[PDB]
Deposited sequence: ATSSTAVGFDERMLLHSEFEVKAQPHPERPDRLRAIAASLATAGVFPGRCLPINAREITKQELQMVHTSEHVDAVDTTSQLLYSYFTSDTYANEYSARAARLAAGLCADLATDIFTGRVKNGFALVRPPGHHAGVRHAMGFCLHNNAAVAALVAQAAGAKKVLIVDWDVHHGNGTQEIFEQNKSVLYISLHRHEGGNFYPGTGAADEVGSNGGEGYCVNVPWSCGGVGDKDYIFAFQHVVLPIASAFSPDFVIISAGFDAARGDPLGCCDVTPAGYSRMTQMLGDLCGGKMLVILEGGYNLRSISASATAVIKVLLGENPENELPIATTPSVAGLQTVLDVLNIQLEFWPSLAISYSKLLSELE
């Protein structure tokens, strides 16, 4: 009831690119191995954290998010030697089961957390999810785990779900899924560089559409490598004020760790202290009840320390000019939708 659960299963290590290559793919089984070994050594998991049984998600639960076409396509890759949905998104014959285990782990953690069987949880899962849209696998992602968790939670009775995506890349897949949706609030912080950073989506004025306006909040950095001070600042002035006004029943963190110091893809500078602080800050919205789902993150040392710092928080254990400009531009846009941001607006204006 007050415990932290970790969702993990070794069959997700079977998803990998087919052979060794001149340029090996950064999304690789060692990511989970390195985190799992560092949680073992710390006594965090196994140990202080509870395991949950790993279940393959059902097609019916996936179709709350994805078309039946996309689910069948992913499943059928199990009969091919290897395949690519896009140039950067691979599958082997074991990838469909891995993806069903990642989504099933997220689904069950989301149910367990929201209905109060456990306090909070970390889905230590592969492949990542937040670039998978309604009908397209891309950006290393096969099914959108975070969006599945949100809809499993809603189905269990959550009216308002918040997703915070601190992966260094914009969650184009998640935003597409909840574009016209206002029972889910999507907040993403990500490198953008005027749209030159992959995937080039998620400009600050991409606020949702057609009745969902205001419920997609993009905080897009104009450069790297952004450090802790800019994330905490954006959390104090954008994330927390909007999240508090929205008042969610359920909180999902899309925790990519590719914004960490040392990541070869993100080239940003967030420390474990930064991830720790952001986790604590989000805890005060739902009294420490939250589902943390692994997305990106590619330096084994960096993601091991950052994931350990985050799970320890689950257990209860002055910005740059670029950062100011991003927050300023976000509040200019979101003020029309979140009037309570005026208070934060006047505090920002005082530098």
- Query: When the deposited sequence is counted from residue 1, which ranges lack any model?
  - Reply: 1, 319-328, 363-364
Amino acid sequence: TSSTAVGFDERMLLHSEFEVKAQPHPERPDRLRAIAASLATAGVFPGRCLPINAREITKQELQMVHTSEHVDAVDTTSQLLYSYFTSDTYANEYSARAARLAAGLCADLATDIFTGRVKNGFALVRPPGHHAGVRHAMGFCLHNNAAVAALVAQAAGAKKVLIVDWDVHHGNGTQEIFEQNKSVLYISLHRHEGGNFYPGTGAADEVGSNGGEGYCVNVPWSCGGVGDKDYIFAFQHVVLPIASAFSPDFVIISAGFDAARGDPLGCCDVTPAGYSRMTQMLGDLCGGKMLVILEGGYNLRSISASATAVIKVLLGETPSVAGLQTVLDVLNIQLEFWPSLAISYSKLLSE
From here on, numbers count along this sequence of modelled residues.
- Task: Taking the mean of the C-alpha B-factors per stretch from the entry, tell me the winner out of 166-174 and 197-205.
- Result: 197-205
- Going by the entry, of stretches 117-125 and 233-241 the one with greater average Cα B-factor is 233-241
- Per the deposited entry, the peak Cα B-factor within the set 75, 213, 258, 93 goes to 213
- Of 100, 190, 182, 131, which one's C-alpha B factor is largest in the deposited record? 182
- residue 142 - which third its CA temperature factor falls in, relative to the rest of the chain: lowest
- Query: Based on the entry's values, in what third of the chain does the Cα temperature factor of residue 350 lie: lowest, middle or highest?
  - Reply: highest
- Task: Relative to the other modelled residues of the same chain, rank the CA B-factor of residue 84 and answer lowest, middle or highest third.
- Result: lowest
- Query: Which third of the chain does residue 262 land in by C-alpha B-factor: lowest, middle or highest?
  - Reply: middle
- Note on the structure: Binned into thirds over the chain's modelled residues, the C-alpha B-factor of residue 69 lands in the highest
